[PDB]
file work25.txt (compact mmCIF, N, CA, C and O atoms)
# COMPACT_ATOMS: atom_id res chain seq x y z
N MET A 1 1.68 35.05 -41.34
CA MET A 1 1.18 34.23 -40.24
C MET A 1 -0.16 33.61 -40.59
O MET A 1 -0.42 32.43 -40.29
N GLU A 2 -1.04 34.38 -41.24
CA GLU A 2 -2.34 33.85 -41.64
C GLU A 2 -2.18 32.70 -42.63
O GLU A 2 -2.80 31.63 -42.48
N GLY A 3 -1.38 32.92 -43.67
CA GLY A 3 -1.13 31.85 -44.63
C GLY A 3 -0.51 30.64 -43.97
O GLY A 3 -0.81 29.50 -44.33
N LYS A 4 0.38 30.87 -43.00
CA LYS A 4 1.00 29.77 -42.26
C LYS A 4 -0.06 28.96 -41.53
O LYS A 4 0.00 27.73 -41.51
N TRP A 5 -1.01 29.63 -40.89
CA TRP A 5 -2.08 28.91 -40.21
C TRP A 5 -2.92 28.09 -41.18
O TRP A 5 -3.23 26.93 -40.91
N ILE A 6 -3.29 28.69 -42.32
CA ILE A 6 -4.11 27.96 -43.29
C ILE A 6 -3.36 26.73 -43.81
O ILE A 6 -3.92 25.63 -43.91
N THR A 7 -2.08 26.91 -44.15
CA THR A 7 -1.29 25.80 -44.66
C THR A 7 -1.06 24.75 -43.59
O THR A 7 -1.07 23.55 -43.90
N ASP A 8 -0.83 25.16 -42.34
CA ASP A 8 -0.71 24.21 -41.26
C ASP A 8 -1.98 23.38 -41.15
O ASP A 8 -1.92 22.15 -41.02
N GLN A 9 -3.13 24.03 -41.24
CA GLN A 9 -4.39 23.30 -41.19
C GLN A 9 -4.45 22.24 -42.29
O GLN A 9 -4.67 21.06 -42.01
N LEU A 10 -4.23 22.65 -43.54
CA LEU A 10 -4.40 21.71 -44.65
C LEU A 10 -3.38 20.58 -44.60
O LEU A 10 -3.72 19.40 -44.78
N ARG A 11 -2.11 20.92 -44.37
CA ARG A 11 -1.06 19.91 -44.34
C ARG A 11 -1.23 18.97 -43.16
O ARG A 11 -1.01 17.76 -43.31
N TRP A 12 -1.60 19.49 -41.98
CA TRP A 12 -1.90 18.61 -40.86
C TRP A 12 -3.09 17.72 -41.17
O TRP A 12 -3.16 16.60 -40.68
N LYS A 13 -4.03 18.20 -41.99
CA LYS A 13 -5.13 17.34 -42.41
C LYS A 13 -4.62 16.16 -43.23
O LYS A 13 -4.97 15.00 -42.97
N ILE A 14 -3.79 16.43 -44.24
CA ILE A 14 -3.24 15.35 -45.06
C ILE A 14 -2.44 14.38 -44.19
O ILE A 14 -2.59 13.15 -44.29
N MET A 15 -1.59 14.93 -43.32
CA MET A 15 -0.76 14.10 -42.46
C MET A 15 -1.60 13.27 -41.50
O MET A 15 -1.27 12.12 -41.22
N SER A 16 -2.68 13.85 -40.97
CA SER A 16 -3.55 13.11 -40.07
C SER A 16 -4.27 12.00 -40.80
O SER A 16 -4.50 10.93 -40.23
N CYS A 17 -4.63 12.22 -42.06
CA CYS A 17 -5.21 11.14 -42.85
C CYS A 17 -4.22 9.98 -42.96
O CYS A 17 -4.57 8.82 -42.73
N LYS A 18 -2.97 10.30 -43.29
CA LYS A 18 -1.96 9.25 -43.36
C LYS A 18 -1.78 8.55 -42.01
O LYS A 18 -1.73 7.32 -41.94
N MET A 19 -1.69 9.34 -40.94
CA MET A 19 -1.46 8.77 -39.61
C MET A 19 -2.62 7.89 -39.18
O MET A 19 -2.42 6.87 -38.52
N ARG A 20 -3.84 8.29 -39.53
CA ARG A 20 -5.01 7.47 -39.23
C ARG A 20 -4.96 6.16 -40.00
O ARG A 20 -5.28 5.10 -39.44
N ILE A 21 -4.59 6.22 -41.27
CA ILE A 21 -4.43 4.99 -42.05
C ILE A 21 -3.44 4.10 -41.31
O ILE A 21 -3.67 2.89 -41.17
N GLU A 22 -2.35 4.70 -40.83
CA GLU A 22 -1.30 3.92 -40.18
C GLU A 22 -1.79 3.27 -38.89
O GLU A 22 -1.54 2.09 -38.64
N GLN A 23 -2.48 4.04 -38.05
CA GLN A 23 -2.97 3.48 -36.79
C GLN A 23 -4.01 2.39 -37.04
O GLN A 23 -4.02 1.37 -36.34
N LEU A 24 -4.87 2.58 -38.04
CA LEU A 24 -5.82 1.54 -38.41
C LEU A 24 -5.10 0.28 -38.85
O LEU A 24 -5.50 -0.84 -38.49
N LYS A 25 -4.04 0.43 -39.64
CA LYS A 25 -3.27 -0.73 -40.08
C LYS A 25 -2.64 -1.45 -38.89
O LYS A 25 -2.63 -2.68 -38.82
N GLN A 26 -2.09 -0.68 -37.94
CA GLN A 26 -1.49 -1.30 -36.76
C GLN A 26 -2.53 -2.09 -35.97
O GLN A 26 -2.27 -3.22 -35.53
N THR A 27 -3.71 -1.51 -35.77
CA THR A 27 -4.77 -2.22 -35.07
C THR A 27 -5.19 -3.48 -35.82
O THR A 27 -5.42 -4.53 -35.20
N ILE A 28 -5.30 -3.40 -37.15
CA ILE A 28 -5.68 -4.56 -37.94
C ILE A 28 -4.63 -5.66 -37.80
O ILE A 28 -4.96 -6.85 -37.72
N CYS A 29 -3.36 -5.28 -37.77
CA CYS A 29 -2.28 -6.25 -37.60
C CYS A 29 -2.39 -6.94 -36.25
O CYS A 29 -2.26 -8.17 -36.14
N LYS A 30 -2.61 -6.16 -35.19
CA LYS A 30 -2.76 -6.75 -33.87
C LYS A 30 -3.94 -7.72 -33.84
O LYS A 30 -3.84 -8.83 -33.29
N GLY A 31 -5.05 -7.33 -34.45
CA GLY A 31 -6.21 -8.21 -34.49
C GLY A 31 -5.95 -9.48 -35.26
O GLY A 31 -6.38 -10.57 -34.86
N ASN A 32 -5.24 -9.37 -36.38
CA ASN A 32 -4.91 -10.56 -37.16
C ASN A 32 -4.02 -11.51 -36.37
O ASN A 32 -4.21 -12.73 -36.41
N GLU A 33 -3.05 -10.96 -35.63
CA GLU A 33 -2.20 -11.80 -34.80
C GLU A 33 -3.02 -12.52 -33.73
O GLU A 33 -2.85 -13.73 -33.50
N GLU A 34 -3.90 -11.78 -33.06
CA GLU A 34 -4.75 -12.40 -32.04
C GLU A 34 -5.60 -13.51 -32.65
O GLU A 34 -5.77 -14.58 -32.06
N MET A 35 -6.16 -13.25 -33.83
CA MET A 35 -7.00 -14.24 -34.50
C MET A 35 -6.20 -15.49 -34.84
O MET A 35 -6.69 -16.61 -34.70
N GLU A 36 -4.97 -15.31 -35.32
CA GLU A 36 -4.14 -16.46 -35.65
C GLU A 36 -3.85 -17.30 -34.41
O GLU A 36 -3.93 -18.53 -34.43
N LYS A 37 -3.49 -16.64 -33.30
CA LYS A 37 -3.22 -17.38 -32.07
C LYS A 37 -4.46 -18.14 -31.61
O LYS A 37 -4.37 -19.32 -31.22
N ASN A 38 -5.62 -17.49 -31.65
CA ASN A 38 -6.85 -18.15 -31.25
C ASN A 38 -7.16 -19.33 -32.16
O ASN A 38 -7.60 -20.39 -31.70
N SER A 39 -6.95 -19.16 -33.47
CA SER A 39 -7.21 -20.25 -34.41
C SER A 39 -6.31 -21.44 -34.13
O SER A 39 -6.75 -22.59 -34.19
N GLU A 40 -5.04 -21.18 -33.82
CA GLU A 40 -4.12 -22.26 -33.49
C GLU A 40 -4.58 -23.02 -32.25
O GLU A 40 -4.67 -24.26 -32.25
N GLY A 41 -4.87 -22.28 -31.17
CA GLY A 41 -5.35 -22.93 -29.97
C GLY A 41 -6.62 -23.73 -30.22
O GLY A 41 -6.78 -24.84 -29.71
N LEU A 42 -7.53 -23.17 -31.01
CA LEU A 42 -8.78 -23.85 -31.33
C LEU A 42 -8.52 -25.13 -32.10
O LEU A 42 -9.17 -26.15 -31.85
N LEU A 43 -7.59 -25.10 -33.05
CA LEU A 43 -7.28 -26.31 -33.82
C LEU A 43 -6.74 -27.40 -32.91
O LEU A 43 -7.14 -28.57 -33.00
N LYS A 44 -5.81 -27.04 -32.02
CA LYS A 44 -5.25 -28.03 -31.10
C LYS A 44 -6.35 -28.63 -30.22
O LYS A 44 -6.45 -29.86 -30.06
N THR A 45 -7.18 -27.77 -29.63
CA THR A 45 -8.25 -28.26 -28.77
C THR A 45 -9.23 -29.12 -29.55
O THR A 45 -9.74 -30.11 -29.03
N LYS A 46 -9.52 -28.75 -30.80
CA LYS A 46 -10.44 -29.52 -31.62
C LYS A 46 -9.90 -30.90 -31.92
O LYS A 46 -10.65 -31.88 -31.93
N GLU A 47 -8.59 -31.00 -32.19
CA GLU A 47 -8.00 -32.32 -32.39
C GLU A 47 -8.12 -33.17 -31.13
O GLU A 47 -8.53 -34.34 -31.19
N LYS A 48 -7.77 -32.60 -29.98
CA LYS A 48 -7.89 -33.34 -28.73
C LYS A 48 -9.33 -33.78 -28.50
O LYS A 48 -9.60 -34.92 -28.09
N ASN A 49 -10.28 -32.88 -28.78
CA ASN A 49 -11.69 -33.18 -28.58
C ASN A 49 -12.16 -34.27 -29.52
O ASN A 49 -12.98 -35.11 -29.15
N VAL B 1 -11.80 -6.61 -40.58
CA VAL B 1 -10.89 -7.33 -39.68
C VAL B 1 -11.51 -7.46 -38.30
O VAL B 1 -11.41 -8.51 -37.66
N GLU B 2 -12.14 -6.40 -37.80
CA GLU B 2 -12.74 -6.43 -36.48
C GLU B 2 -13.95 -7.36 -36.44
O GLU B 2 -14.17 -8.06 -35.45
N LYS B 3 -14.75 -7.36 -37.50
CA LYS B 3 -15.85 -8.31 -37.58
C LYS B 3 -15.33 -9.74 -37.54
O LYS B 3 -15.87 -10.59 -36.82
N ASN B 4 -14.28 -10.02 -38.31
CA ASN B 4 -13.69 -11.35 -38.30
C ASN B 4 -13.16 -11.70 -36.92
O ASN B 4 -13.34 -12.83 -36.44
N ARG B 5 -12.49 -10.75 -36.26
CA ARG B 5 -11.91 -11.01 -34.94
C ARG B 5 -13.00 -11.26 -33.90
O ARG B 5 -12.86 -12.14 -33.04
N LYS B 6 -14.07 -10.48 -33.94
CA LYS B 6 -15.18 -10.68 -33.01
C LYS B 6 -15.84 -12.03 -33.25
O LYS B 6 -16.13 -12.77 -32.30
N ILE B 7 -16.09 -12.37 -34.52
CA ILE B 7 -16.66 -13.67 -34.84
C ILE B 7 -15.73 -14.78 -34.35
O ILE B 7 -16.18 -15.81 -33.85
N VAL B 8 -14.42 -14.57 -34.49
CA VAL B 8 -13.45 -15.58 -34.11
C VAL B 8 -13.45 -15.78 -32.60
O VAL B 8 -13.43 -16.91 -32.10
N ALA B 9 -13.45 -14.69 -31.84
CA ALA B 9 -13.48 -14.80 -30.38
C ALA B 9 -14.77 -15.46 -29.91
O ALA B 9 -14.75 -16.34 -29.03
N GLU B 10 -15.89 -15.06 -30.50
CA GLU B 10 -17.17 -15.67 -30.15
C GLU B 10 -17.16 -17.16 -30.45
O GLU B 10 -17.61 -17.97 -29.64
N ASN B 11 -16.65 -17.54 -31.62
CA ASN B 11 -16.61 -18.94 -32.00
C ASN B 11 -15.62 -19.74 -31.16
O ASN B 11 -15.85 -20.92 -30.92
N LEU B 12 -14.53 -19.11 -30.70
CA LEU B 12 -13.60 -19.80 -29.80
C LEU B 12 -14.26 -20.07 -28.46
O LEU B 12 -14.13 -21.17 -27.90
N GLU B 13 -14.95 -19.07 -27.91
CA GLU B 13 -15.71 -19.31 -26.69
C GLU B 13 -16.77 -20.38 -26.91
O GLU B 13 -16.98 -21.25 -26.05
N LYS B 14 -17.45 -20.34 -28.06
CA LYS B 14 -18.47 -21.32 -28.36
C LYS B 14 -17.88 -22.72 -28.48
O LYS B 14 -18.50 -23.71 -28.08
N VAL B 15 -16.68 -22.82 -29.06
CA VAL B 15 -16.03 -24.11 -29.20
C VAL B 15 -15.60 -24.65 -27.85
O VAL B 15 -15.74 -25.85 -27.57
N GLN B 16 -15.06 -23.79 -26.99
CA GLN B 16 -14.73 -24.22 -25.64
C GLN B 16 -15.97 -24.70 -24.90
O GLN B 16 -15.94 -25.72 -24.21
N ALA B 17 -17.07 -23.96 -25.05
CA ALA B 17 -18.32 -24.37 -24.41
C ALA B 17 -18.84 -25.68 -24.99
O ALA B 17 -19.35 -26.52 -24.25
N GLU B 18 -18.74 -25.86 -26.30
CA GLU B 18 -19.17 -27.10 -26.92
C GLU B 18 -18.33 -28.27 -26.45
O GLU B 18 -18.84 -29.37 -26.22
N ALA B 19 -17.03 -28.05 -26.29
CA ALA B 19 -16.15 -29.09 -25.75
C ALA B 19 -16.54 -29.43 -24.32
O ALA B 19 -16.60 -30.61 -23.95
N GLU B 20 -16.81 -28.42 -23.50
CA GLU B 20 -17.23 -28.68 -22.13
C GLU B 20 -18.56 -29.43 -22.09
O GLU B 20 -18.74 -30.34 -21.28
N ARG B 21 -19.50 -29.04 -22.95
CA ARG B 21 -20.80 -29.71 -23.00
C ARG B 21 -20.65 -31.15 -23.46
O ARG B 21 -21.32 -32.05 -22.95
N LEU B 22 -19.79 -31.38 -24.45
CA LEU B 22 -19.52 -32.74 -24.89
C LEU B 22 -18.88 -33.55 -23.77
O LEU B 22 -19.18 -34.74 -23.61
N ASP B 23 -17.99 -32.93 -23.00
CA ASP B 23 -17.38 -33.62 -21.87
C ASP B 23 -18.44 -34.00 -20.84
O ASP B 23 -18.42 -35.11 -20.29
N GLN B 24 -19.36 -33.08 -20.56
CA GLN B 24 -20.44 -33.38 -19.61
C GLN B 24 -21.34 -34.49 -20.14
O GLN B 24 -21.73 -35.39 -19.39
N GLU B 25 -21.68 -34.44 -21.43
CA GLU B 25 -22.50 -35.48 -22.03
C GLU B 25 -21.78 -36.82 -21.98
O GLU B 25 -22.40 -37.86 -21.73
N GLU B 26 -20.47 -36.82 -22.22
CA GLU B 26 -19.69 -38.04 -22.15
C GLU B 26 -19.62 -38.58 -20.73
O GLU B 26 -19.64 -39.79 -20.53
N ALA B 27 -19.53 -37.69 -19.74
CA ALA B 27 -19.54 -38.14 -18.35
C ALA B 27 -20.88 -38.76 -17.99
O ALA B 27 -20.95 -39.80 -17.32
N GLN B 28 -21.97 -38.14 -18.44
CA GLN B 28 -23.30 -38.71 -18.22
C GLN B 28 -23.45 -40.05 -18.92
O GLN B 28 -24.04 -40.99 -18.39
N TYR B 29 -22.92 -40.15 -20.14
CA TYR B 29 -22.99 -41.40 -20.89
C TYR B 29 -22.15 -42.48 -20.23
O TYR B 29 -22.53 -43.65 -20.24
N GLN B 30 -20.99 -42.11 -19.67
CA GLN B 30 -20.20 -43.06 -18.92
C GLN B 30 -20.92 -43.50 -17.65
O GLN B 30 -20.81 -44.66 -17.25
N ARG B 31 -21.64 -42.58 -17.01
CA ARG B 31 -22.46 -42.96 -15.86
C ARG B 31 -23.54 -43.95 -16.26
O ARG B 31 -23.78 -44.95 -15.56
N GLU B 32 -24.21 -43.70 -17.39
CA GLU B 32 -25.24 -44.61 -17.86
C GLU B 32 -24.65 -45.96 -18.26
O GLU B 32 -25.24 -47.01 -17.99
N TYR B 33 -23.48 -45.94 -18.90
CA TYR B 33 -22.78 -47.17 -19.23
C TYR B 33 -22.40 -47.92 -17.97
O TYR B 33 -22.45 -49.15 -17.93
N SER B 34 -21.98 -47.19 -16.94
CA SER B 34 -21.68 -47.80 -15.65
C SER B 34 -22.91 -48.51 -15.10
O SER B 34 -22.83 -49.65 -14.65
N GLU B 35 -24.06 -47.83 -15.13
CA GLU B 35 -25.28 -48.44 -14.63
C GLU B 35 -25.63 -49.70 -15.43
O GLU B 35 -25.97 -50.74 -14.85
N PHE B 36 -25.55 -49.61 -16.76
CA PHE B 36 -25.93 -50.75 -17.60
C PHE B 36 -24.98 -51.92 -17.41
O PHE B 36 -25.41 -53.08 -17.33
N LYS B 37 -23.67 -51.64 -17.36
CA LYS B 37 -22.69 -52.70 -17.16
C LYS B 37 -22.82 -53.32 -15.78
O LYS B 37 -22.66 -54.53 -15.61
N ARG B 38 -23.08 -52.49 -14.76
CA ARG B 38 -23.31 -53.02 -13.43
C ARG B 38 -24.54 -53.91 -13.41
O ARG B 38 -24.55 -54.96 -12.75
N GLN B 39 -25.59 -53.51 -14.12
CA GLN B 39 -26.78 -54.35 -14.25
C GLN B 39 -26.43 -55.68 -14.91
O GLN B 39 -26.86 -56.74 -14.46
N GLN B 40 -25.65 -55.63 -15.99
CA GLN B 40 -25.27 -56.85 -16.69
C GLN B 40 -24.47 -57.77 -15.79
O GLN B 40 -24.72 -58.98 -15.73
N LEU B 41 -23.51 -57.21 -15.06
CA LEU B 41 -22.66 -58.00 -14.18
C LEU B 41 -23.46 -58.59 -13.03
O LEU B 41 -23.30 -59.76 -12.68
N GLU B 42 -24.34 -57.79 -12.43
CA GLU B 42 -25.18 -58.30 -11.35
C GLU B 42 -26.12 -59.38 -11.85
O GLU B 42 -26.34 -60.38 -11.16
N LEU B 43 -26.70 -59.22 -13.05
CA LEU B 43 -27.61 -60.22 -13.58
C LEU B 43 -26.87 -61.52 -13.89
O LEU B 43 -27.38 -62.61 -13.62
N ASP B 44 -25.67 -61.42 -14.47
CA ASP B 44 -24.88 -62.62 -14.71
C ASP B 44 -24.49 -63.29 -13.40
O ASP B 44 -24.55 -64.52 -13.28
N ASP B 45 -24.07 -62.50 -12.41
CA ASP B 45 -23.69 -63.06 -11.12
C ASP B 45 -24.88 -63.73 -10.45
O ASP B 45 -24.73 -64.78 -9.80
N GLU B 46 -26.07 -63.16 -10.59
CA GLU B 46 -27.27 -63.75 -10.03
C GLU B 46 -27.66 -65.03 -10.76
O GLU B 46 -28.07 -66.00 -10.12
N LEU B 47 -27.56 -65.04 -12.09
CA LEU B 47 -27.82 -66.27 -12.83
C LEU B 47 -26.86 -67.36 -12.39
O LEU B 47 -27.25 -68.52 -12.21
N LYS B 48 -25.58 -67.01 -12.20
CA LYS B 48 -24.59 -67.98 -11.75
C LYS B 48 -24.87 -68.46 -10.33
O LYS B 48 -24.72 -69.66 -10.05
N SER B 49 -25.24 -67.56 -9.43
CA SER B 49 -25.57 -67.96 -8.06
C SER B 49 -26.78 -68.88 -8.04
O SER B 49 -26.82 -69.87 -7.30
N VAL B 50 -27.79 -68.56 -8.85
CA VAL B 50 -28.96 -69.42 -8.96
C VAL B 50 -28.57 -70.78 -9.51
O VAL B 50 -29.04 -71.82 -9.02
call {"tool": "encode", "arguments": {"input": "work25.txt", "output": "structure tokens"}}
result
Amino acid sequence: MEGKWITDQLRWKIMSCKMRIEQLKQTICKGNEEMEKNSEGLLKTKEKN
Amino acid sequence: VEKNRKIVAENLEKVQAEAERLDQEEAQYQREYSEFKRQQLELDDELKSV
């Protein structure tokens, strides 16, 4: 049981590192999409202006 | 990415504001053009009446 707890700690650490990388990537993707939409709207408005 | 996104949102708001300010400046300039053209038309009409 003790070894199981230690291994759970370490393996959950590695997995949490991966999961954090993943969530950061998802947020970056959402931000990039928002930026692209804003850039498109800005370009259209700039042409009209 | 977040720095770029924040800069982008700020610049989009700034661009909308710049467009609005240009619109206001253009409205003021059209008002001034209205005054000047009205002056020209009144002066020509007065020269003709004279």
call {"tool": "interface_residues", "arguments": {"input": "work25.txt", "of": "chain A", "to": "chain B", "cutoff": "12 Å", "atoms": "only C-alpha atoms", "output": "MDAnalysis selection string"}}
result
chainID A and resid 24:49
call {"tool": "atom_distance", "arguments": {"input": "work25.txt", "atom1": "CA of residue 13 (chain A)", "atom2": "CA of residue 3 (chain B)"}}
result
28.2 Å
call {"tool": "atom_distance", "arguments": {"input": "work25.txt", "atom1": "atom N of residue 32 (chain B)", "atom2": "atom O of residue 49 (chain B)"}}
result
28.2 Å
call {"tool": "atom_distance", "arguments": {"input": "work25.txt", "atom1": "atom C of residue 1 (chain A)", "atom2": "atom N of residue 15 (chain A)"}}
result
18.9 Å
